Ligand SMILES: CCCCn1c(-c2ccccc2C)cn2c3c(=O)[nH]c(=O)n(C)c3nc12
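Next up is one chain by itself, shown in structure tokens, the form solved without the named molecule.
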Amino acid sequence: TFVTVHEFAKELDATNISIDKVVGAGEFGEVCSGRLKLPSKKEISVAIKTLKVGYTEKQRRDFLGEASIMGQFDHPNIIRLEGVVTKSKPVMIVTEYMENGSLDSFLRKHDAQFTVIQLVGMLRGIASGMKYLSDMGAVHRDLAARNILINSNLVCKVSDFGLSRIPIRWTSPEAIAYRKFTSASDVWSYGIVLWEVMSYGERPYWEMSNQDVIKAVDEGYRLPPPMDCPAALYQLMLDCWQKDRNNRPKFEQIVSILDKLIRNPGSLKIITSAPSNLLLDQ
């Protein structure tokens, strides 16, 4: 059921917003954190983005457009849009606070420090959010660990709908070849996110030339199993990376696979064996 839009975004009163901390700069302006007083008088933490002074109309449209998309989704594993401020300036987008930031950066700080079941929980949350996205007929097109946010309790949530309706390393071969972007191309990207998570945030295909990423994956080469990677999870990656988009799992099937692994954690003890290089198929 995925479709200016105050159709999908609450106009917040700026008196209910307080800025506590500037994080840094963003594409469109400053990125900040703070508190929002809800109509019930409950106070919550929030992430706040502003549009730079002297913005062009293109900048305003693209800035608020990403909110119009996010606002269509109400799901525990998709970042919550609290609202926008458009009737006063700077224009603001207010979203759910996520203390631990981008998943890729967070995992790189904690290499090998979480349990396999903790990682599988993060991955299940991501799949659950993506399942709802696909139910609504949206294609994310930029699913990567850098666009997943993680909160104080390690709950992961899909963010960054700027490209949603080319990050070459996360993009399915058919999407690179002729821009065929579908939910199955998002499943490919999820497969890369799985590798990213199990790798504690290593970069997919490291710094291979982009032309070599395209060609190697076309020839059937794939990212190798991460160190200590459960066999079940490497198989899941390979299934996400099937050449034929029609043979990839659906997000609903991915959630069910991961729920089974959560239910039977001994499953995860079967590990793949043993040089940043690609493996042919396999």
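Start at 1 with the first residue shown and count on from there.
Another form exists, solved in complex with the named molecule; not displayed. Remarks below refer to it.
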Site check 135, 189 and 251: each within 4.5 Å of the named molecule in the deposited complex by heavy atom = no
Are any of the heavy atoms in residue 97 no more than 4.5 Å from a heavy atom of the named molecule in the deposited complex?
-> yes
Would residue 239 sit within 4.5 Å of the named molecule in the deposited complex, counting heavy atoms only?
-> no
Answer with yes or no whether residue 31 is in contact with the named molecule in the deposited complex, where contact means some heavy atom within 4.5 Å.
-> yes
Examine residue 233 and determine whether its closest non-hydrogen atom to the named molecule in the deposited complex is within 4.5 angstroms.
-> no
Counting only non-hydrogen atoms, which stretch in 88-96, 174-182, 202-210, 111-119 is within 4.5 Å of the named molecule in the deposited complex?
-> 88-96
Using a 4.5 Å cut on heavy atoms, which of 149, 84, 127, 198 is close to the named molecule in the deposited complex?
-> 149
Position in contact with the named molecule when the complex is considered in the deposited complex, options 257, 36, 47, 214, heavy atoms within 4.5 Å = 47
Since the partner is left out here, which residues of 67-86 would have a heavy atom within 4.5 Å of the named molecule in the deposited complex?
-> 70
